[PDB]
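A single chain, nothing else alongside it, follows as structure tokens in the form deposited in one PDB entry.
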């Protein structure tokens, strides 16, 4: 059915969301109408529309429209879309600000020239503010401007906002089940599909699992609209931060903070609050909380720490939203109090509560403890005996470090140019480990996914699979993912722990063969260079090691997926292996990194920090 990828991927999105009664409740007749209208277009019409949907939202010169793969002459196609009410022509081009925007710098010249009142030179931005002030006061001459501006611009089209808004809202619904497609893409700006989805959705093959919904996420179409608002807000803030527009970003955040304070009482929330965590993250309240968290990053960037500390205390005062984020919060609270506000009394309480919170883990739990030792073992603190108070003396077991060198040129070395980690590999190759992978945490991740695939994608857990295109159970990064599969996991873990170096070889082979290619977030099909490499490796690691790593990734992927060693190296014959974090001249171990190395050692694995010093 020869459809081009962008259209195929678009169509997968509409289908996947429309086949949900739950989700279709969230659209009015008028809205659904527009969807049908899409389906009523020719393929040519639809191809163009997707293209235009994927461009930036604003007018386009007819000259800057070319898709010979769509049509050698597009006027009919445009006409179609225009009758359909999907696109608008220069004829509806009425705003002036807009017409000027569409005109180039040299075209703003020819208009600043054929209009004596204008100063004929300046930046594109300059001439615009000008042309707008003149049309504002003496209104009649501003119409003659618009006329020639329009004639100068040429024939132009724009996507209609109303139809666009609908597809965007479908996209939003699609992208939730898919984390968010990307943490900015089907968030906003004015939302389209992620590059990865746009290009690949139409070709992707997803794991089989049984859809099974017993729970509404959104009350009504209103509720979704709210959620979509906040989403586009959170996107906007994020875009500011990313460009350096920190002040703008602040206005946005406060604007958002008050918006959220209006909704505080709204009935929809009582229900949201009631949803399981793996679903609650798809509500207004959660998005706003995420905004607030960005707010505190902006407050810190503008060195306004008393205020960051207020927002941080405020977040940490409620357990309904983002409980996983508490680690980051407590940690960040403590760092602000200790290092930016020098208030040590509150810095101690901070830490104390932080460590009592079962929702703080790994990295941020270690960081808080490590600040706690720094304090009660410091001259400028000896005025207290209130951190000698029962500290679970969490002594992360010490690890074998090592130092190699390389000639400096992300850090480039020479040997042909290479990375830091690639230079460490070459060391270990000549240290008798012929085999090695620079895979960081995905090496272990795909192994876990290989060994537990069928339990990952097990049936019998309501709401964790809500539609066709998932690549993980929605509860995957949650405390509950283990809880809800306890008996199966427990048994699978036990079983791997005891499996000889050939049952594992065969388990992996079984999944690889049944699942190869299937999109699943844990697994990277090219992470190993062939099935037999994965086999070679699982053989070296053996049962208890493998079993332990999987145990953590399943108990707490949310807080464990990060910090595994850059490298796994092994001797083909001796079957001996080492887990190696490569640290360049300019870095030391993150907290997560050290917790892991401790943990790997407890499972009886050779672990090693390899430092590189330049020459």
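Only the largest set of C-alpha atoms that superpose within 1.5 Å between the two forms is called the rigid core. Residue numbers count along the first chain shown, from 1.
Not on display, but discussed next: the form deposited in another entry.
After superposition on the rigid core, the single residue among 186, 538, 299, 157 whose C-alpha moves by 2 Å or more between the shown form and the other one is 186. Three angstroms is the minimum change: in that other deposited form, the CA atoms of residue 182 and residue 472 sit closer than in this structure, by 3 Å or more. In that other deposited form, the Cα-Cα separation between residue 181 and residue 593 shrinks by 3 Å or more relative to the displayed conformation.
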